[PDB]
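Residue strings, one per chain:
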Amino acid sequence: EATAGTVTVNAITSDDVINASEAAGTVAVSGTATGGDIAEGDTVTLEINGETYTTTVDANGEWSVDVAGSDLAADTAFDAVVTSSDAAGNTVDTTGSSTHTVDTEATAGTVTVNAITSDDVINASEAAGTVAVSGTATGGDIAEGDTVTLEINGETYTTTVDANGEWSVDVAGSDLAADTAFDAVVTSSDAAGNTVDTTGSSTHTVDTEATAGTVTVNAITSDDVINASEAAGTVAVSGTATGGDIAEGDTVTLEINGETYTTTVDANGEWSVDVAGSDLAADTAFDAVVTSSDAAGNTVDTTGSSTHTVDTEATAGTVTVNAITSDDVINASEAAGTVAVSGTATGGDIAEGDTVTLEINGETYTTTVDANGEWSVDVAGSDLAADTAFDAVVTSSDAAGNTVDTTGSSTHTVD
Ligand SMILES: [Ca+2]
Ligand SMILES: [Ca+2]
Ligand SMILES: [Ca+2]
Ligand SMILES: [Ca+2]
Ligand SMILES: [Ca+2]
Ligand SMILES: [Ca+2]
Ligand SMILES: [Ca+2]
Ligand SMILES: [Ca+2]
Ligand SMILES: [Ca+2]
Ligand SMILES: [Ca+2]
Ligand SMILES: [Ca+2]
Ligand SMILES: [Ca+2]
Ligand SMILES: [Ca+2]
Ligand SMILES: [Ca+2]
Ligand SMILES: [Ca+2]
Ligand SMILES: [Ca+2]
Ligand SMILES: [Ca+2]
Ligand SMILES: [Ca+2]
Ligand SMILES: [Ca+2]
Ligand SMILES: [Ca+2]
Ligand SMILES: [Ca+2]
Ligand SMILES: [Ca+2]
Ligand SMILES: [Ca+2]
Ligand SMILES: [Ca+2]
Ligand SMILES: [Ca+2]
């Protein structure tokens, strides 16, 4: 008889595992054959998934044969048999045996993209800066450290899946302002070298500006004029604010004589704020600015503007009293009758029709300034007989409503 040797089979591929790519092509199965009657040229036979493969032992005790990966994927064990002869021509089979494993599939998982910024809207501030785009990746062969790729506005951003299945990557807001749809692809692999991609989709919106409205300012006081009395107290400056993104509670800011005043737009599109007359007396124009924001948090100022007029003084004139009777003496027949006491009132804001008031002997006489700047009033002679000194006071006002008194004095004698 002939004598068997030793046959061995090397790993099936470098890791002894058949993956997808290997299973799809051809695999060199190799090994050794020596000892006994094994000689160069002895045929090596392998049956693998029912297919008979054959090669011959080379000159160094080695053999190799190309096997279809599909047969190795289907059959995880096989003998390799070398057939030999001794010189006498007895025959003998030497067997070596092989095992391997098969894994021809990686498993995708699940990938998601979170809202793009807290509100899934890119605003103006966000477009101008850096936004962190985040999400999840979990399931199947997705593991910590797998690559995440996002293409956004033609820019390729990458990160890696963290230990918790989340991922984040800093992205330019510009890019997000310009491209409102994209995918995150996560690429995973298994021990065997199989690879798989898992995709998640994201959309968002862009809104970079908030819309101004219309702001108006009412008259400054009833007549749009600041008088002295008004300048000395407080004035309610009011108006309206509506349209665009203006809403109740939006701040209204007015600067007037360098003082900053603020209130808030009420529920009816109206506003009001107490301003010191003195600032209004000092500064005859101002803007009222309402600061608003849209849903996305863009902000906008709406301006309305005010003018007004200022007049805080009346001007006193000149008042005189004529001689009391032609000779400036009250006689007995004058005392017994009525005397016309007369004079002038002119200058400043004194005007035709201004009130003239005389108190003589406790009795109050009044008349008005005529067209010529003179005045006269009939007075009891007895009163002039009883009181030899008195004032005439003329009360005048201006258009703004300031008022002034002008006084002239008189004395006379009695006989
Ligand atoms: Ca023999
Ligand atoms: Ca392999
Ligand atoms: Ca068979
Ligand atoms: Ca050969
Ligand atoms: Ca088998
Ligand atoms: Ca066997
Ligand atoms: Ca032989
Ligand atoms: Ca093996
Ligand atoms: Ca697998
Ligand atoms: Ca946002
Ligand atoms: Ca890309
Ligand atoms: Ca896109
Ligand atoms: Ca892996
Ligand atoms: Ca979204
Ligand atoms: Ca907007
Ligand atoms: Ca006024
Ligand atoms: Ca001003
Ligand atoms: Ca302005
Ligand atoms: Ca708002
Ligand atoms: Ca005005
Ligand atoms: Ca005046
Ligand atoms: Ca007289
Ligand atoms: Ca008197
Ligand atoms: Ca007047
Ligand atoms: Ca006199």
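Residues numbered from 1 in each chain as written, not as in the entry; some residues may be left out. Chains lettered and ligands numbered in written order. Heavy atoms only, no water.

Per the PDB entry, the protein goes by MpAFP_RII tetra-tandemer and derives from Marinomonas primoryensis. The title line of the PDB record says "Ca2+-stabilized adhesin helps an Antarctic bacterium reach out and bind ice".

### Structural notes on the pairing of strand 24 (residues 270-276)
Of the two faces of strand 24, the one lined by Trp271, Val273 and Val275 is fully buried and the one lined by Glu270, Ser272, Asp274 and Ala276 carries no buried residue. Across 7 bridges, the pairing between strand 21 (residues 234-242) and strand 24 is antiparallel. Counterpart to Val235 in the pairing with strand 24 is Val275. (Buried < 20%, exposed > 50% of the residue type's maximum accessible area, 1.4 Å probe, protein only. Helix = DSSP H or I, 4+ residues; strand = E, 2+ residues; numbered from the N terminus. Pairing = 2+ DSSP bridges.)

### Thoughts on the coordination of the calcium ion (ligand 6)
Coordination of the calcium ion (ligand 6) by the protein comes from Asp79 (OD) and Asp79 (OD), over a distance range of 2.5 to 2.7 Å. In this structure, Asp79 sits in strand 7 (residues 77-85). (Donors = N, O, S within 2.8 Å, 3.2 Å for Na, K, Ca; no water.)

### Examining unusual backbone geometry
For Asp120, which is not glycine, the phi dihedral falls at a positive 60°. Looking at the secondary structure, you find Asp120 in the loop between strand 10 (110-113) and strand 11 (121-122). A positive phi is found at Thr221, a non-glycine position, where the angle reads about 65°. Tracing the backbone through its elements, the reader meets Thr221 in the loop between strand 19 (214-217) and strand 20 (225-226). Looking at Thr221, the relative accessible area reads 13%, which means it is buried.

### Let's talk about the coordination of the calcium ion (ligand 17)
Taken together, the protein donors to the calcium ion (ligand 17) comprise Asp283 (OD), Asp283 (OD) and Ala285 (O), at separations of 2.4 to 2.6 Å. Of the residues examined, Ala285 reaches a relative accessible area of 36% and is grouped as partly exposed.

### Side note on the side chain of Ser292
The topology assignment puts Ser292 in strand 25 (residues 285-293). Residue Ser292 is classed as buried on the basis of its relative accessible area, which comes to 2%. A polar contact is formed between the side chain of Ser292 and the side chain of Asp250, at a distance of 2.6 Å. Look past the residues within four positions of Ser292 in its chain and what remains in contact with it is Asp245, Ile246, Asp250, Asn298, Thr299 and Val300. (Polar contact = N/O pair within 3.5 Å; in protein donor to acceptor, adjacent residues only side chain to side chain. Contact = heavy atoms within 4.5 Å.)

### Overview of the environment of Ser98
Mapped onto the fold, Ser98 is located in strand 8 (residues 91-99). Residue classification places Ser98 among the buried positions, given a relative accessible area of 5%. Residues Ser98 and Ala11, spaced 87 residues apart in sequence, show a C-alpha to C-alpha distance of 8.1 Å. In this view, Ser98 contacts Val9, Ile12, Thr76, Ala77 and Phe78; residues no more than four positions away in its chain are not counted.

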